[PDB]
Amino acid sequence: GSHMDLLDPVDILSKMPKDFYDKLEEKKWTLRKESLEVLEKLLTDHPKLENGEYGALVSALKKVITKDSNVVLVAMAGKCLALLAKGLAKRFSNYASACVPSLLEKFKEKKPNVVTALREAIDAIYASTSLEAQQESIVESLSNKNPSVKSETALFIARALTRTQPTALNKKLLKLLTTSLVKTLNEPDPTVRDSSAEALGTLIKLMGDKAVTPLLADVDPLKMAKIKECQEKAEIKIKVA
């Protein structure tokens, strides 16, 4: 009944205000907020989304996330993007690749509320794609000069790995990911190092010691300890088979 209706795909595109896009172009942040408010409510009221042309909506949200000077709007746009990606599940796959790079770069913003929304967004989007498909953006981001981006990128990999099938990573990808993460692991920044250790430990948890160990032969003893600690705490939420 009620609960079953939650499984009923809703056409939210036809329910948005006729001035949704125009308001997002207003200079007054409170007007931009009005469009996002309405959208956020539509997304929370209808967890199951009908198929449709979401390109314009995704582009509008990305614009707010990457260019809005108001962090409250950035967080709201991030949240909406996360709910949109969740409501479409795999139906979001076609928009994923363009979103990933933008979200990762936005991790230069450190306000915790924005960070939480960005994590939710990139995590929901990951579910519709794969590390194989997003490797270039991910690896490129681990090279970002901004410590905050490097750290959040490594943490993104850690969370992603807990929901990844072991068969989703071939030898090449495993080596590329490990090599890139060992590089940030040896960075002078403490947070970046911890985040890299968490990602590496999760990677071992998922792929197994024998498979990954060889690639960490040159990691010093102290760092290996951090990695193993994280490995112990990592929880792989998926089922191989």
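Note that residue numbering follows the sequence shown and begins at 1.
Enquirer: Would 74 to 82 or 157 to 165 have the larger average of its C-alpha temperature factors, as given in the entry?
Expert: Averaging CA B-factors over each stretch, the winner is 157 to 165.
Enquirer: Between 26 to 34 and 52 to 60, point out the one with the higher average CA B-factor as the PDB entry records it.
Expert: That would be 26 to 34.
Enquirer: Name the residue from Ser180, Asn186, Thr66, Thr202 with the greatest C-alpha temperature factor listed in the entry.
Expert: Comparing C-alpha B-factors across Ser180, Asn186, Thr66, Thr202, the top value belongs to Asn186.
Enquirer: Checking the entry, which one of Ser128, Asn144, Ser102, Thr116 has the top C-alpha B factor?
Expert: In the PDB entry, the greatest C-alpha B-factor among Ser128, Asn144, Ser102, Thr116 is found at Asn144.
Enquirer: Could you place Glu109 in the lowest, middle or highest third of its chain by Cα temperature factor, using the values in the record?
Expert: Answer is middle: the recorded C-alpha B-factor places it there.
Enquirer: Grab the CA temperature factor for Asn94 from the record and place it in the lowest, middle or highest third of its chain.
Expert: Answer is highest: the recorded C-alpha B-factor places it there.
Enquirer: Tell me, lowest, middle or highest third: where does the Cα B factor of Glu40 rank within its chain?
Expert: CA B-factor rank for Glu40: middle third.
Enquirer: Where does the C-alpha B-factor of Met207 rank in its chain, lowest, middle or highest third?
Expert: Tercile = middle for this residue's CA B-factor.
Enquirer: Which third of the chain does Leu215 land in by C-alpha B-factor: lowest, middle or highest?
Expert: It falls in the top third of the chain.
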